[PDB]
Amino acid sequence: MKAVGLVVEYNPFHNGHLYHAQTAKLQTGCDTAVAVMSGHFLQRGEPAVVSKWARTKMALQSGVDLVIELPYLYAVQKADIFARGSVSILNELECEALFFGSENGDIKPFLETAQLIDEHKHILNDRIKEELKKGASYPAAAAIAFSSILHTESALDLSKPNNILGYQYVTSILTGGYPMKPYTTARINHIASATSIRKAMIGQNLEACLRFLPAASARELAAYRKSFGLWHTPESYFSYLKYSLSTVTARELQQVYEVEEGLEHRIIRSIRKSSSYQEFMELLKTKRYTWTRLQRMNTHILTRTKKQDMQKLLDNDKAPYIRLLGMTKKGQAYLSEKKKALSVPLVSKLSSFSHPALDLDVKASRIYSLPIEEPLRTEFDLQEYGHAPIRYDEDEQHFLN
């Protein structure tokens, strides 16, 4: 009984995510698909359109057996830390495999580059040395060193995003010592992208994106809209970001994770006169800061996550806990088989453990719900503590809760 791991934000689950989970099981030979998912704030620093409890329910009927929350600790980070934490969660769960998409069905060039960078790391790092001495920036210096070994056309494209993630996955399995075998396929009812489907619902029009969405997704979505009265956008939080930066001191703001030295001054100038998140993002953007990095900082500013607390938790070599969002009868089975073997606690109901990284997960949720119009927001809030793992039965349609 062998498990194939998937690193996923499911934003939301669509037929393309369906191609992933079925190919995965098929290609890897695993009967069980375990997905580790970013819950309410994702890798690029934006909120999930819908609660992780909803998106858990979608995937459980779409062919995923276990849904484990990737803690906020590793979820809002660039790819290498993101991959480091997610892969540690899959390693902890004894997945024989890791299945990641890029535009290539070929797993080889990811491997070829890895060792190449792995082995030349010294040569690479020493080459970054000389270059900063010639007066280059570090990113330049890095771009220069890579190019000596890398510019052979393999060709691994470090541009196309989901490739980058794949490389870091391969990276993490390599330096972690994990008995994990990386797989992959070329990313593709012709299927549409996660983003463009978000634009749909956002425009209140959910009807454009259907044939691209699995059935059960559409329901729980429309259910989430009917239940809590909104779909979530970054702009939903702008008033709360605006409060956050109002109640902070520049000294305090300097200590927020991803606010680099000196920027807290630029930050504050911008928010007072910004009428939108868009405008605010605009005034903010620098060379030192890519869009998505800013959305990560703003998120940490939103959750008021400090640097030291963050360095504290990133220090841990493995995932602090395994957070159980949902399971099939198979996922429950696989689990109860490997549960004894887990070296960190399995969290189903929130009362079952206490860790600083989990407070983070729960605080993220407490912020997330704010755009819900009261009292509906309050009802929602009972879930994080209330909701026990979501259990689906693949003999069709039995939820036990």
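Start at 1 with the first residue shown and count on from there.
S.K.: Please figure out whether residue 188 and residue 189 are truly consecutive in the deposited sequence or have unmodelled residues between them, and give none, 1 to 3, 4 to 9, or 10 or more.
M.R.: Going from residue 188 to residue 189, the model skips 10 or more residues of the deposited sequence.
S.K.: When the Cα temperature factors in the entry are averaged, is it 79-87 or 287-295 that ends up higher?
M.R.: Taking the mean B-factor of the alpha carbons in each, 287-295 is higher.
S.K.: What stretch has the higher average Cα B-factor here, 146-154 or 247-255?
M.R.: Taking the mean C-alpha B-factor of 146-154 and of 247-255, the larger value falls to 146-154.
S.K.: So if I compare the CA B-factors in the entry for 264, 315, 119, 92, which one is the largest?
M.R.: Max CA B-factor in the entry, restricted to 264, 315, 119, 92: 119.
S.K.: Among 305, 311, 172, 227, where is the Cα temperature factor highest, going by the PDB entry?
M.R.: Going by the entry's C-alpha B-factors, 227 comes out highest.
S.K.: Could you place residue 50 in the lowest, middle or highest third of its chain by Cα temperature factor, using the values in the record?
M.R.: Middle third of the chain for residue 50's C-alpha B-factor.
S.K.: Within this chain's modelled residues, let me know which third the CA B factor of residue 65 belongs to: lowest, middle or highest.
M.R.: According to the entry, residue 65 has a C-alpha B-factor in the chain's middle third.
S.K.: If you rank every modelled residue in this chain by C-alpha B factor, which third holds residue 100: lowest, middle or highest?
M.R.: Answer is middle: the recorded C-alpha B-factor places it there.
S.K.: In terms of the CA temperature factor given in the entry, to which third of its chain does residue 38 belong: lowest, middle or highest?
M.R.: Its C-alpha B-factor, which the entry lists for residue 38, ranks in the lowest third among residues of this chain.
S.K.: Please place residue 272 in the lowest, middle or highest third of its chain according to the CA B-factor in the PDB entry.
M.R.: Its C-alpha B-factor belongs to the middle third of this chain's values.
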